[PDB]
Amino acid sequence: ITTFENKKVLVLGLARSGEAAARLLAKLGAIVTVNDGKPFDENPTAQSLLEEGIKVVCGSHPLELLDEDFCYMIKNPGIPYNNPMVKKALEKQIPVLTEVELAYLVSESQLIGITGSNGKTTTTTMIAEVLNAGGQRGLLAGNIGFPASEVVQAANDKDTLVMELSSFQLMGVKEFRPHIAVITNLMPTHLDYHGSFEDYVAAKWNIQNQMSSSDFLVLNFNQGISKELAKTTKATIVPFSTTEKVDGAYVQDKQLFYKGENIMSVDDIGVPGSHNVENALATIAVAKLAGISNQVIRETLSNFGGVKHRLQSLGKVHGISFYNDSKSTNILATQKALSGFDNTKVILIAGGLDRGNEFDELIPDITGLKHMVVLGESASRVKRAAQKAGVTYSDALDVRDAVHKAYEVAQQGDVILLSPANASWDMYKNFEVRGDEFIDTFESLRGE
Ligand SMILES: [Cl-]
């Protein structure tokens with residue numbers, strides 16, 4: 001791959017994948033400039049990149065930067081397209097891509113891509129577990145696991161990337177071509193960013209733009225929209241349904257089938273609810289296309305217990321339950337995580353990268369908490385919300401320290417919950433590294 005050798009490339013934003021993109025581009029011989037809104041002195045990632053000899057521009061977005069001879073922009077997916085830097089790149093006919101396109105260009109591995117309005121993380125995780133159990137080598141990538149541009153460097157032609165993809169990422173692909181792709185479902189989501197439902201659907205539909213009839217697109221035939229979209233792709237359609245028999249994965253007589261093969265019972269899926277039946281059906285379609293055996297599919301999905309870092313129940317130490325919800329990186333996710341708990345039992349660990357917002361929205365949901373242990377760049381802002389909600393709080397140096405501090409104030413029947421309502425990037429490369437520190441500390445307290 002010489003396509004980036006001695007080309008100037010602008011990486012707009014850091015966040016989850018921008019560092020990985022910048023590093024991979026540099027390895028490919030590109031001359032990289034990173035532009036990020038957070039001032040340099042508060043920006044550990046930009047500091048580290050400058051130390052590696054990559055140009056950084058922090059605290060501002062100068063449009064004049066795009067007058068330079070840039071051949072590509074890699075944008076943080078969540079930046080909306082009405083952003084002035086994005087608008088100018090488009091005016092200047094500089095291709096605007098996301099990092100998943102870059103990962104695809106350098107990839108020698110088989111690619112399975114998963115998108116959809118909801119069910120993405122469970123479905124992606126189930127797929128990787130089933131492939132691994134069947135003797136393939138599935139590597140989680142994209143919006144779980146590790147960023148795609150990080151994973152592709154370790155992966156080879158024997159590996160399968162199992163990539164969770166957002167509509168935001170799919171706005172920025174060109175050559176990206178999965179051999180198998182899944183759309184779990186489509187319902188109005190992220191319309192703040194996309195405008196209309198039609199534009200949001202069009203964004204995800206980019207997943208199949210380069211797919212041929214030799215490639216496979218797994219669609220949800222419970223929804224009429226899927227049957228309409230199916231008419232417009234070149235990919236071979238492999239539907240799933242819980243409504244009727246289809247030429248793919250379906251429910252029949254309380255069993256899950258794939259094209260007339262009986263795989264497993266509905267009630268034996270390891271996690272409950274119809275949403276999980278649909279995630280298991282999508283998984284069965286992908287696994288059968290990849291050639292995994294029925295017995296391996298059944299065993300794996302029967303024992304599937306959930307996903308790492310998402311309201312992940314670890315167990316107890318002296319009657320105190322620990323939950324790793326490191327995946328919660330905003331106020332809305334933490335509101336949801338707290339909804340299932342009696343707050344009087346909960347010690348919440350929260351704080352992280354400071355995007356500059358206060359936490360007043362969290363006040364009703366944190367009222368009644370036993371205690372809050374606060375860490376990270378945004379700690380003072382989180383503490384102001386705790387103070388207004390009448391919740392006692394204390395400070396911690398990092399997640400390890402917060403777990404120890406929480407445990408020392410906990411008693412039998414309490415819950416220690418890491419649901420930070422903030423991104424991890426001031427202190428940890430990604431939410432997974434952050435959740436692993438929580439796990440490791442729990443294990444140290446538990447013993448073996
Ligand atoms: Cl992350």
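Along the sequence shown, residues carry numbers from 1. Any value given below was found using the heavy atoms of this structure, including those in side chains, with hydrogens, waters and symmetry copies removed.
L256 places a side-chain heavy atom less than 4.5 Å from the side chain of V251. Within the 4.5 Å cutoff, side-chain heavy atoms of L417 are placed close to those of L338. Side-chain contact between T367 and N343: absent, with no pair of heavy atoms (C-beta onward) separated by less than 4.5 Å. Here the side chains of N324 and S326 are in contact, with some heavy-atom distance below 4.5 Å. No side-chain heavy atom of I347 sits less than 4.5 Å from a side-chain heavy atom of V415. Looking at heavy atoms from C-beta onward, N118 lies out of side-chain contact with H275 at the 4.5 angstrom threshold. Residues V9 and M73 have side chains not in contact (no heavy-atom distance under 4.5 Å, counting atoms from C-beta outward).
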Review point. Step by step, would you call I284 with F257 a side-chain contact (heavy atoms from CB on, under 4.5 Å)?
Key: CA-CA 8 Å; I284 284 165; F257 272 75; over 6 Å; no
Exercise for review: Would you please test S167 and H190 for side-chain hydrogen bond (donor to acceptor under 3.5 Å, both in side chains) and show each step?
Suggested key: CA-CA 9 Å; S167 64; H190 309 299; 5.1 Å; no
Exercise for review: For the pair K254 and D267, evaluate salt bridge (charged side-chain N to carboxylate O under 4.0 Å, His left out) and give the outcome as yes or no after the intermediate values.
Suggested key: CA-CA 8 Å; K254 311 187 170 202; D267 65 13; over 6 Å; no
**Study point:** Criterion ring pair (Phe, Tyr, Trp, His ring centres under 6.0 Å) on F216 and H179, from CA distance to verdict
**Key:** CA-CA 6 Å; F216 300 105; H179 173 54; 5.5 Å; yes
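Salt bridge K288/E261: present, at least one basic N to carboxylate O contact under 4.0 Å. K388 has a carboxylate O that lies under 4.0 Å from a charged side-chain N of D360, or vice versa, which qualifies the two as a salt bridge. In summary, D440 and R400 do not engage in a salt bridge, as defined by a charged side-chain N under 4.0 Å from a carboxylate O. Between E432 and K327 there is no salt bridge, since no side-chain nitrogen of the basic residue lies less than 4.0 Å from a carboxylate oxygen of the acidic one. A salt bridge links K383 with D395: the distance from a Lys NZ or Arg NE/NH1/NH2 to an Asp or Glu carboxylate oxygen falls below 4.0 Å. Ion pairing between a basic and an acidic side chain is recognised when a charged N comes within 4.0 Å of a carboxylate O; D436 and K308 show such pairing. A salt bridge is absent between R355 and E377; no separation between the charged side-chain nitrogens and carboxylate oxygens falls under 4.0 Å. Contact check on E244 versus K227 returns a salt bridge, with a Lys/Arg side-chain nitrogen under 4.0 Å from an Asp/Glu carboxylate oxygen. For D325 and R310, the salt-bridge test fails: no basic side-chain N is under 4.0 Å from an acidic carboxylate O. With salt bridges taken as basic N to acidic carboxylate O contacts below 4.0 Å, one links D159 and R137.
Rounding to the nearest 0.5 angstrom, the gap separating the OG1 atom in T184 from the CD atom in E164 is 9.0 Å. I112 contributes atom CD1, which lies 8.5 Å from atom CG of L289 (distance to the nearest 0.5 angstrom). The CZ atom of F322 lies 12.5 Å from the CD1 atom of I439; values are rounded to the nearest 0.5 Å. The OG atom of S109 sits 8.5 Å away from atom CE of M163, with the distance rounded to the nearest 0.5 Å. The structure places CG of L229 at 6.5 Å from CG of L186, a figure rounded to the nearest 0.5 Å. The NE2 atom of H309 sits 11.0 Å away from atom OG1 of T121, with the distance rounded to the nearest 0.5 Å.
Applying the 6.0 Å contact sphere to NZ of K259 captures more than 12 heavy atoms from other residues, nucleotides or ligands. Within a 6.0 Å sphere centred on CZ of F146, heavy atoms belonging to other residues, nucleotides or ligands number 12 at most. Residue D253 places its CG atom among 12 or fewer non-hydrogen atoms of other residues, nucleotides or ligands, all under 6.0 Å distant. For CD of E42, the number of neighbouring non-hydrogen atoms (other residues, nucleotides, ligands) closer than 6.0 Å is greater than 12.
When ring centroids are compared, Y258 and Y250 stay outside the 6.0 Å threshold.
Classification of the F168-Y193 ring pair by plane angle, with boundaries at 30° and 60°, yields parallel. Classified by interplanar angle (parallel below 30°, tilted 30° to 60°, perpendicular above 60°), the ring pair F341/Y323 is perpendicular. Relative orientation of the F197 and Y200 rings is tilted, given thresholds of 30° and 60° on the angle between their planes.
Between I114 and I127, the shortest heavy-atom contact is CG1-CD1, 3.8 Å. Contact between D401 and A396 at its shortest, heavy atoms only, is OD2-CA, 3.3 Å. Shortest non-hydrogen contact noted between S226 and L219 is O-CD1, 3.7 Å. Taking every heavy atom of both residues into account, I363 and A385 meet most closely at CG1-O, 3.7 Å.
For the pair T123 (side chain) and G119 (backbone), a donor-acceptor distance under 3.5 Å is present. A donor-acceptor pair is defined here as one N or O able to donate and one able to accept, closer than 3.5 Å; no such pair exists between the side chain of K204 and the backbone of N185. When atom types are taken as modelled, the side chain of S117 and the backbone of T189 share no donor-acceptor pair closer than 3.5 angstrom. Put simply, the side chain of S339 gets close to the backbone of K336: a donor and an acceptor are under 3.5 Å apart. A donor-acceptor pair under 3.5 Å links the side-chain atoms of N303 to the main chain of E299, judged by distance alone. Of the possible polar contacts, none joining the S241 side chain to the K245 backbone as a donor-acceptor pair under 3.5 Å is found. Listed for the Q169 side chain is a donor-acceptor partner under 3.5 Å among the backbone atoms of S166.
Here the options are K27, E99, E19, the test is side chain to side chain donor-acceptor pair (under 3.5 Å), and the partner is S149; only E99 passes. Remark: of the listed residues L102, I74, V173, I74 is the sole one forming a side chain to side chain contact (heavy atoms under 4.5 Å, CB included) with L97.
Checking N422 against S378 by side-chain atom types alone, a donor-acceptor pair falls below 3.5 Å. Checking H371 against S394 by side-chain atom types alone, a donor-acceptor pair falls below 3.5 Å.
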